[PDB]
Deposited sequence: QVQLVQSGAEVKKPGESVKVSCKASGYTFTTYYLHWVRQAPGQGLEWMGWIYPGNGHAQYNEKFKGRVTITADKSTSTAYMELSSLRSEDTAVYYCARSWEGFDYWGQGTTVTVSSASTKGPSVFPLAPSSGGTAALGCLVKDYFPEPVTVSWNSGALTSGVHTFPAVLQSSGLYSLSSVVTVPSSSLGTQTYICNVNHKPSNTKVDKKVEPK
């Protein structure tokens, strides 16, 4: 079974380099081209280059101006993409992809964030229900990098929950709200707590959201 497994998420400052791996199995590594492709909003999918592991030949998208190096180790059936002189615009999901006629098998992707921002845990603020359906939530504000995880009542509450995608603020920090709709009648008797984890900052927050 053809499988391409990439290395984990990376966070870098401008000017640094990143090196992402792609471990191939289930086929003869030396007989197919292996490509790198990235995806971000506003440029979309962008082809970066290929390597042919049989002979180590590689070709790059000229737009990267030599910043990309793709290598392959035929002893371990692993390919690597190193991107140097990183800038914020290099923030994207990076994929390795095998080719035949088209890209037939893809890695799972590797998120690379490039930013001058420093690791910071979120502040978590209640979105109190005010005044037969009530909405309430938590504002998870000013964290870096992605991701955070949000649950309600330790995973007990899932119906009507909407955790919005994060938005990058002008500060370079991320923010999102997570909301839930519940019966208004339940506000006096049922406790609502949002549970927020941000692993990069070692943050675990629980915030009780109560009416005011």
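Missing residue ranges, deposited sequence indexing starting at 1
No C-alpha coordinates exist for 132, and that is the only such stretch.
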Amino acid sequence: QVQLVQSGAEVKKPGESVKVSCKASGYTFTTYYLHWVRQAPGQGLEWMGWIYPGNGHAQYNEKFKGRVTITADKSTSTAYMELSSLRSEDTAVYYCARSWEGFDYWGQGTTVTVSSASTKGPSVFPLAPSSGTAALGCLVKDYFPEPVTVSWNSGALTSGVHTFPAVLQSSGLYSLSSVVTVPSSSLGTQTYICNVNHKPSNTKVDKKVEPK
From here on, numbers count along this sequence of modelled residues.
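| Which has the higher mean CA temperature factor in the PDB entry, 148 to 156 or 26 to 34? | In the deposited entry, the stretch with the higher C-alpha B-factor mean is 148 to 156.
Worksheet item: According to the deposited model, is the average Cα temperature factor higher in 171 to 179 or in 45 to 53?
Response: Looking at the record's C-alpha B-factors, the answer is 171 to 179.
Deposited CA B-factor, highest of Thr69, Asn61, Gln39, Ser186: That would be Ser186, according to the entry.
- Message: Take the CA temperature factors straight from the PDB entry and tell me which of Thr78, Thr133, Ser85, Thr91 peaks.
- Response: Of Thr78, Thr133, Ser85, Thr91, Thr133 has the highest C-alpha B-factor.
>> When the deposited Cα B-factors of this chain's modelled residues are ordered and cut into thirds, is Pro126 in the lowest, the middle or the highest one?
In response: CA B-factor rank for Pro126: highest third.
### Task
Relative to the other modelled residues of the same chain, rank the CA B-factor of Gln108 and answer lowest, middle or highest third.
Answer is lowest: the recorded C-alpha B-factor places it there.
- Third of the chain's Cα B-factor distribution that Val2 belongs to, per the entry: Middle third of the chain for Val2's C-alpha B-factor.
Open item on the list: Please place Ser118 in the lowest, middle or highest third of its chain according to the CA B-factor in the PDB entry.
Closed with: Highest third.
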